[PDB]
Each structure stands twice: as structure tokens, then as C-alpha cells.
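# would you be able to build a 3D model of this:
(one chain, ligands or ions: 3)
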Amino acid sequence: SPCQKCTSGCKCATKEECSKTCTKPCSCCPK
Ligand SMILES: [Cd+2]
Ligand SMILES: [Cd+2]
Ligand SMILES: [Cd+2]
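Numbering: from 1, shown residues only. Ligands and ions are numbered 1, 2, ... in the order given. See the structure here:
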């Protein structure tokens, strides 16, 4: 489940950015 900034805004392209706004692969980050 994506945070309050990943829905229409998954700005994570690599875990280097994903691990910066999130803590894990929301329902949209990498898999
Ligand atoms: Cd997120
Ligand atoms: Cd993320
Ligand atoms: Cd995401």
C-alpha cells in the first residue's frame, strides 16, 4: 500500500529514491 505521495506520484524509479520517501515497495514502487 502506497503512502500519501505515491498514488498518482510514485516518484521512486530505483530503491535509492524509494528507500528515501518510503520504507518498502508500496503497491507501486519496484517489485
Ligand atoms: Cd511510497
Ligand atoms: Cd516508494
Ligand atoms: Cd510507490
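# which residue ranges of this structure form helices?
Along the chain, counting by DSSP state H, helices occupy 15-21.
# how about the residues of it by ligand 2?
Counting by Cβ under 5 Å from the ion, the residues of the chain close to ligand 2 are 12, 18, 22, 29. Yep, even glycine has a C-beta here, placed from its N, CA and C like the rest.
# which single one of these is nearest to ligand 1?
residue 22 (3.5 Å; Cβ to the ion).
# ok, now which ones touch the closest one?
2, 3, 6, 12, 29 (Cβ atoms under 8 Å, 6 or more residues apart in numbering).
# burial of the second one, as a residue count?
So the one you mean is residue 3. 14 (other Cβ atoms under 10 Å).
# near ligand 1, which residues of the protein are found?
Counting by Cβ under 5 Å from the ion, the chain sits next to ligand 1 at 2, 3, 6, 22, 26.
# hmm, 6 Å instead?
Contact residues, the chain versus ligand 1 (Cβ under 6 Å from the ion): 2, 3, 6, 21, 22, 26, 29.
# just the residues of the chain next to ligand 2 that are near ligand 3?
12, 29.
# residues in contact with stretch 7-17?
Residues outside stretch 7-17 that contact it (Cβ under 8 Å, 6+ apart): 2, 5, 6, 18, 20, 21, 22, 26, 28, 29, 30.
# can you rerun that using 10 Å?
Outside stretch 7-17, the residues that touch it by Cβ atoms under 10 Å, 6 or more residues apart in numbering are 2-3, 5-6, 18-22, 24-30.
# picking that back up, I'd like to know which of the contacts of residue 22 are buried.
Neighbour-count burial (16 or more other Cβ atoms under 10 Å) applied to the contacts of residue 22 gives 2, 6, 12, 29.
# the second one touches residue 28, doesn't it?
Yes: with contact taken as Cβ atoms under 10 Å, residue 6 and residue 28 are classed as touching, separated by 5.4 Å.
# so what sits against both of these two?
Taking Cβ under 10 Å, 6+ apart as the criterion, residue 6 and residue 28 both touch 12, 18, 22.
# biggest separation within the contacts of stretch 7-17, which pair?
Spatial extent of those (Cβ to Cβ) is set by the pair 20 and 27 at 18.0 Å.
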